[PDB]
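Here the structure comes first, spelled out in structure tokens, and everything after it is commentary.
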Amino acid sequence: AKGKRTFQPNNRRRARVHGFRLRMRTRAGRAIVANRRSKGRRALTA
Amino acid sequence: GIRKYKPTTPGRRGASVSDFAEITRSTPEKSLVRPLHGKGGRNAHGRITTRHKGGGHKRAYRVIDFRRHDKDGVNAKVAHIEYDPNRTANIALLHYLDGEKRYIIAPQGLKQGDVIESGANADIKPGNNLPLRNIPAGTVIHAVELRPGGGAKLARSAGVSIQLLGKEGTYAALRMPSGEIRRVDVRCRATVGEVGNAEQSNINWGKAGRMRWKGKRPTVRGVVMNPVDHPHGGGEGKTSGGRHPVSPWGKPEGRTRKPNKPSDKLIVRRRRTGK
RNA sequence: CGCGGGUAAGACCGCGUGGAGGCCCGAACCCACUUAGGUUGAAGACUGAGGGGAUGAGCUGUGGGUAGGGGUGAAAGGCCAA
RNA sequence: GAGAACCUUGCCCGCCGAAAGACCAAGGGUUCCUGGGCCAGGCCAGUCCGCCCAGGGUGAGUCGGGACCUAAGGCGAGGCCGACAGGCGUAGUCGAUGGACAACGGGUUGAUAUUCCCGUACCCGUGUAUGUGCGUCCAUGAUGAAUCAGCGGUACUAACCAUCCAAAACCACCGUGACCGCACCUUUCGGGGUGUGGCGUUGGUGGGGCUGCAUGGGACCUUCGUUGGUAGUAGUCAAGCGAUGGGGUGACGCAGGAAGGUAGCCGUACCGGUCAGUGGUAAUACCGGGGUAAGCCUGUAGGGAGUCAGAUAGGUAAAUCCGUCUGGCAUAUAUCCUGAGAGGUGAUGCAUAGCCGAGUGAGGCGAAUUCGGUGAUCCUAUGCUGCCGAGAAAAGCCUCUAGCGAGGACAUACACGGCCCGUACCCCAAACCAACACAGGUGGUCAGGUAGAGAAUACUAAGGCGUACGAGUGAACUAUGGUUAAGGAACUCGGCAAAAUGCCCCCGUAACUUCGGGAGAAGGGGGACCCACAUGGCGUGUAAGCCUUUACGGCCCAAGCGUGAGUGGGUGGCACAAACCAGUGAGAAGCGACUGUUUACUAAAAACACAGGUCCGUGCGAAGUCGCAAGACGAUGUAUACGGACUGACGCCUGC
RNA sequence: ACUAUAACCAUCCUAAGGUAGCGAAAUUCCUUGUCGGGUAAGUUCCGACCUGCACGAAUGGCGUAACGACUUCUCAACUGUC
């Protein structure tokens, strides 16, 4: 059998590829954060 | 020499290995070894620019001295001759009478304990280095520089040797390994002799895995690909591409040397193919 | 490599050490050839019996990289979050 | 308890036992413990619960991390490149999956423990006191290093010994740049071109000198080394720290034993106990114990290592350190380093088999603890020996000077400081990934016994479970096992599925062959138990004995323990590889040389790859490629190398 | 010298008109070609004949020991496949 699901959770990899300090790094990312603030999201980034 | 394996296994039937006869030591000099991590043919962008590269065995860089200008008149003795993974020919480790240790490519016929003097007044026995001005016309040299003071660039492989055809003005006309005749400034150094491991070309690896050790990876022909992947692709059955042969990026077969190059004026004549 | 034979030296042949191999049989491990069941299932791709490799072009953890007319591809239009 | 198959307690039965046991990492986040609840959830009911509520619980100088270090990689001061956006990248600074670094055994709560407590250690710093104990001034050593000159040639200078090559022109031969008549091919003949001719120069080839090219030296001023004085006079110089610098070490692959050990396991000396209502069995039989670490001593098996002196600028300065060259002395079981293990200590302690009352259970006492046999996938071992595919960096430790320096080093005793995060619980699962309390997935560490070659397989010890719908009932029928008379592929698209062979030891093995194979070919024989050979053989090894350079010695060895294989005789059954586990074999053809890869989820192949062959391109920030450009891979490679194309071992070949 | 065949010759044309080797082939429509082996009976299988619809020399030709969860046929043993 091979039941390996797509999502294998991990915390260092999550904050390293969807994290805040990555989001603010690039121009597009700062737009993502500024966008979700306008929508009112409680959790701006992952 | 070349040692041929006995047919104990199908992967080993026709195989043969380099009879490591000239090797004297099995460990490099610690201070002259620097790290070297494989890239896999992928440039700084991350993409793969040259295909069929990867895998391979981890190897470390032995600092080879192609800049023999510092030591002029300080003799050395060939301490050992050992095996280099990176390059095709062996390398000899020189113990300078000064006290400094250096690595050079091992020229043909070199033996441990021989003396190697480099300089303008050095002799013309194999291993010595002296600028092309002092080398008698017609001899056989290797590791020839290209610019006056830029390092050895021509004829560095195994069994490959340049023959200095003559001198004229401030230019020495060499016969390159490829058979092409090229002029080079007479201020640049060269090393006398051929290069070791003349029997490298006769090695028969014998199996697919052995070239995977050496760092190569499988190469897929064109006529098997699909029309997107390769211009030869497609066709129901077996085809020969249905077109004049091209590289996978569409460029047809033909001479690719960029015309009108600054270094063109030096080249006396280019190599001849098929004659 | 050693011993003996063999010879002028050889070639080569027998006996000892040595233990090479994309070598052999076979569990862990990795695959997925046949069959039967499942087929509003235990499971949105599995189970039971057999099966191939199993010191290598092996399998695996950790961290990282390549991004859409682009990547990657031992090449099937396959893979890039069912 | 109102209510019980499902909750609790006890006694039986059964299942896993390389796991369905024990400990982790990732992941989850209060699920952990105590008290309480039973409209929600649990595929039923539930007094129970991983559910709901309240309270409690996670203790570190030594463990996994940070405060120490780097790899792949990311970010990147300046910077370069780019209309703008932005792309790369140096200096650095991050980044463990790696390097370096100091703790072990026992006990305790309802929940934590290498964290608390008990006993014993280790590693960084601070202060005080005690001496030892060398110094700076003071003085010792401080005598002695620099200079004046000579010698004798490094040394631009002028030049010479002059030289490698032929710098440059000279000449000629050949060849022919144009051109000029003409010689030739000539077109069938003429033309016409070429220049086989004239030079000459598209030019090439050769010759010697002209001398040049660069090359040093001999060697001159200069510069310096040596020697001769000049003051054992001016410097120097001395405790101790000593780098951000130099240098060693850190520092490395795969395969394979052999050897020595230990952990574990199996008996026994010895100690404590049982009579398990059966035919026999009182100590003769049976059951249970037959333990204990880090550290500190000692340095065994094994492995490794030459030492001393002088000179020397190569190590961005200087070095007494590292190199390299000279000499001397060295083959010793000499010396030194490393180092499993045995032995002592730690340990008058701890703990345990059991014995007492006491009962949720608290508490008290507590015996013997020798010899062997077997034996590792663990330790010596980052070792040794082979092989080619040639096998990270930095901090750390040591050393060297540069440099700081008048105080500083060593030991003893005492008193102190040692930071931040994690720490409960599940962790091959009803607590993570799968929408579920899901037959799927999930990396690492422990490995008992008897058969066995084995981590397979069967049973089983410690431990853990009976896993959450049941109770019955010989229907058809479906699924999963089992058996079958006579026949044996007649079944069918096809021996699909089943059945059959199956292990160990002997005997014997064909065509073909690339001389390796084919081959476990095929085919044939034996296999249990008891006794005897046998107080034998073999391993081990104690007493005794021998020997020594006497010690953690070497050889040998009755007894003791363990153990095959064979021969002869005998007994039993239908059956002796008795269960489980465990090749079907042979003949021929096509395709593909082979081992491998492929359509995750209907196609594993005759497809792809493959070692081998050839062709084309590339003279070097190459050709090719990613980018508008810088830049990068190619490659820290150089035509015996690199990229592209087609064919696909090997043999005979590859026609027009 | 009877039949057929076509060695041989002639023609046109092209750049040249298929050499070796193999051949009812993973290519052959006719087609279950014909002859032989195997079976009581063989549209499949093996060996050859060549009349190659429409093989052929690196889109390689002919062979080939060993290897194959490849395709095809036969045999021994085995059996509820029958």
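By convention in this document, the chains of the structure tokens carry letters A, B, ... by their order, each chain's residues are numbered from 1, and ligands are numbered from 1 in the order they are shown.
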Alpha helix (DSSP H) per DSSP on the backbone: members of chain A, as a ChimeraX atom specification: /A:12-17,20-23,27-39
Range 2-203 of chain B: residues DSSP assigns to strand (DSSP E or B), reported as a PyMOL selection string: chain B and resi 2-4+16-18+33-34+42+48+53+61-62+64+76-82+91-96+101-105+107+115-116+129-131+140-142+144-145+152-154+162-168+171-175+181-185+189-192+195
Those selected residues, please, written with C-alpha atoms and delivered as a JSON list (two decimals), in the first residue's frame.
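What follows is the written file part.json:
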[["chain", "number", "residue", "atom", "x", "y", "z"],
["B", 2, "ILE", "CA", 45.25, -1.30, -18.80],
["B", 3, "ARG", "CA", 43.91, -4.23, -16.77],
["B", 4, "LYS", "CA", 41.03, -6.16, -18.30],
["B", 16, "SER", "CA", 38.78, -2.93, -18.14],
["B", 17, "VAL", "CA", 40.34, -0.55, -15.63],
["B", 18, "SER", "CA", 43.37, 1.70, -15.48],
["B", 33, "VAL", "CA", 43.05, 19.97, -0.96],
["B", 34, "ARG", "CA", 40.04, 22.27, -1.01],
["B", 42, "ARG", "CA", 22.38, 23.85, -12.69],
["B", 48, "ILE", "CA", 19.44, 23.01, -15.68],
["B", 53, "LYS", "CA", 25.02, 15.84, -15.29],
["B", 61, "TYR", "CA", 39.84, 19.75, -5.44],
["B", 62, "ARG", "CA", 43.62, 19.45, -5.57],
["B", 64, "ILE", "CA", 47.03, 22.50, -9.45],
["B", 76, "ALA", "CA", 62.19, 20.83, -7.15],
["B", 77, "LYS", "CA", 62.01, 17.07, -6.91],
["B", 78, "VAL", "CA", 58.97, 14.97, -7.83],
["B", 79, "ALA", "CA", 57.94, 13.68, -4.42],
["B", 80, "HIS", "CA", 55.03, 11.50, -5.59],
["B", 81, "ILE", "CA", 52.67, 10.87, -8.48],
["B", 82, "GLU", "CA", 49.05, 10.46, -7.44],
["B", 91, "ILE", "CA", 49.43, 14.89, -10.92],
["B", 92, "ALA", "CA", 52.93, 15.10, -9.45],
["B", 93, "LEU", "CA", 53.67, 16.77, -6.12],
["B", 94, "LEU", "CA", 56.83, 18.90, -6.15],
["B", 95, "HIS", "CA", 59.02, 19.45, -3.11],
["B", 96, "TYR", "CA", 60.77, 22.75, -3.74],
["B", 101, "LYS", "CA", 54.97, 22.03, -1.94],
["B", 102, "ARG", "CA", 53.10, 22.39, -5.23],
["B", 103, "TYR", "CA", 50.99, 20.21, -7.51],
["B", 104, "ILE", "CA", 51.51, 20.05, -11.28],
["B", 105, "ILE", "CA", 50.22, 17.88, -14.09],
["B", 107, "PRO", "CA", 54.17, 14.84, -17.92],
["B", 115, "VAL", "CA", 64.62, 17.00, -10.71],
["B", 116, "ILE", "CA", 62.37, 19.69, -12.21],
["B", 129, "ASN", "CA", 58.87, 25.08, -17.59],
["B", 130, "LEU", "CA", 60.39, 27.93, -19.59],
["B", 131, "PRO", "CA", 58.82, 30.71, -21.67],
["B", 140, "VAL", "CA", 56.83, 18.91, -27.91],
["B", 141, "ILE", "CA", 55.27, 20.89, -25.07],
["B", 142, "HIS", "CA", 52.10, 21.00, -23.00],
["B", 144, "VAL", "CA", 50.83, 26.26, -22.91],
["B", 145, "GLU", "CA", 49.58, 29.65, -21.76],
["B", 152, "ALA", "CA", 48.13, 27.20, -18.65],
["B", 153, "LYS", "CA", 45.20, 26.63, -20.95],
["B", 154, "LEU", "CA", 46.11, 24.49, -23.96],
["B", 162, "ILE", "CA", 51.37, 20.49, -28.53],
["B", 163, "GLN", "CA", 54.23, 20.76, -31.02],
["B", 164, "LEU", "CA", 55.81, 24.22, -31.28],
["B", 165, "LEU", "CA", 56.09, 24.50, -35.06],
["B", 166, "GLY", "CA", 58.25, 27.61, -35.08],
["B", 167, "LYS", "CA", 58.74, 31.23, -34.10],
["B", 168, "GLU", "CA", 58.23, 34.45, -36.03],
["B", 171, "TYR", "CA", 54.45, 35.04, -32.11],
["B", 172, "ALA", "CA", 55.07, 31.30, -31.82],
["B", 173, "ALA", "CA", 53.10, 29.15, -34.24],
["B", 174, "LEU", "CA", 51.84, 26.05, -32.43],
["B", 175, "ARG", "CA", 50.16, 22.94, -33.77],
["B", 181, "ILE", "CA", 47.71, 25.67, -36.25],
["B", 182, "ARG", "CA", 47.50, 28.73, -34.02],
["B", 183, "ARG", "CA", 49.89, 31.56, -33.19],
["B", 184, "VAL", "CA", 50.57, 32.57, -29.59],
["B", 185, "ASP", "CA", 52.65, 35.34, -28.03],
["B", 189, "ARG", "CA", 55.32, 29.86, -20.57],
["B", 190, "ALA", "CA", 55.08, 26.23, -21.59],
["B", 191, "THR", "CA", 56.07, 22.89, -20.10],
["B", 192, "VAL", "CA", 58.21, 20.38, -21.97],
["B", 195, "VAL", "CA", 51.23, 14.34, -20.57]]
Contact set, chain A to chain D: 6 Å, only C-alpha atoms (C1' of nucleotides), as a PyMOL selection string: chain A and resi 3-4+8
Using only C-alpha atoms (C1' of nucleotides), I'd like a table of the residues in chain C that come within 8 Å of chain B; for each, show the closest atom pair and its distance in Å rounded to one decimal, ordered by chain and ascending number, as a Markdown table.
| residue | atom | partner | partner_atom | distance |
| --- | --- | --- | --- | --- |
| C:21 | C1' | B:9 | CA | 7.0 |
| C:22 | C1' | B:209 | CA | 5.8 |
| C:23 | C1' | B:9 | CA | 6.7 |
| C:57 | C1' | B:209 | CA | 5.0 |
| C:65 | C1' | B:46 | CA | 6.4 |
| C:66 | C1' | B:46 | CA | 5.2 |
| C:71 | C1' | B:47 | CA | 7.9 |
| C:74 | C1' | B:218 | CA | 5.6 |
| C:75 | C1' | B:225 | CA | 5.9 |
| C:77 | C1' | B:226 | CA | 7.2 |
Written file, previous selection with C-alpha atoms (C1' of nucleotides), as a PDB file, in the first residue's frame:
ATOM      1  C1'   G C  21      30.564  -9.011  -8.151  1.00  0.00           C
ATOM      2  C1'   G C  22      25.123  -3.198 -11.426  1.00  0.00           C
ATOM      3  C1'   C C  23      26.669 -12.289  -8.759  1.00  0.00           C
ATOM      4  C1'   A C  57      21.817   2.839 -11.646  1.00  0.00           C
ATOM      5  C1'   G C  65      16.527  24.475  -5.055  1.00  0.00           C
ATOM      6  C1'   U C  66      14.100  24.466 -10.090  1.00  0.00           C
ATOM      7  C1'   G C  71       9.972  23.529 -14.267  1.00  0.00           C
ATOM      8  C1'   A C  74      16.369   6.234 -17.979  1.00  0.00           C
ATOM      9  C1'   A C  75      10.522   9.768 -22.351  1.00  0.00           C
ATOM     10  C1'   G C  77       2.262  13.884 -23.184  1.00  0.00           C
TER      11        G C  77
END
Residue contacts of residue 72 in chain B (8 Å, only C-alpha atoms (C1' of nucleotides)) excluding same-chain residues fewer than 5 positions away, as a ChimeraX atom specification: /B:117-120
Would you export the selected residues with N, CA, C and O atoms as a JSON list (two decimals), in the first residue's frame, please?
[["chain", "number", "residue", "atom", "x", "y", "z"],
["B", 117, "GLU", "N", 63.50, 21.74, -12.83],
["B", 117, "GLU", "CA", 63.89, 23.13, -12.69],
["B", 117, "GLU", "C", 63.10, 23.96, -13.69],
["B", 117, "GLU", "O", 62.97, 23.58, -14.86],
["B", 118, "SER", "N", 62.54, 25.07, -13.22],
["B", 118, "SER", "CA", 61.72, 25.95, -14.03],
["B", 118, "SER", "C", 62.37, 27.32, -14.09],
["B", 118, "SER", "O", 62.76, 27.87, -13.05],
["B", 119, "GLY", "N", 62.49, 27.87, -15.28],
["B", 119, "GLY", "CA", 63.08, 29.18, -15.45],
["B", 119, "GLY", "C", 63.53, 29.38, -16.87],
["B", 119, "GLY", "O", 63.43, 28.50, -17.71],
["B", 120, "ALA", "N", 64.05, 30.58, -17.12],
["B", 120, "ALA", "CA", 64.47, 30.94, -18.47],
["B", 120, "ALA", "C", 65.66, 30.09, -18.92],
["B", 120, "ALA", "O", 65.79, 29.79, -20.11]]
Interface, chain D side, toward chain B (8 Å; only C-alpha atoms (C1' of nucleotides)) as an MDAnalysis selection string: chainID D and resid 164:167 214:216 314 323:325 389:393 516 594:595 608:611 616:620 623:626 632:634 637:641 644:645
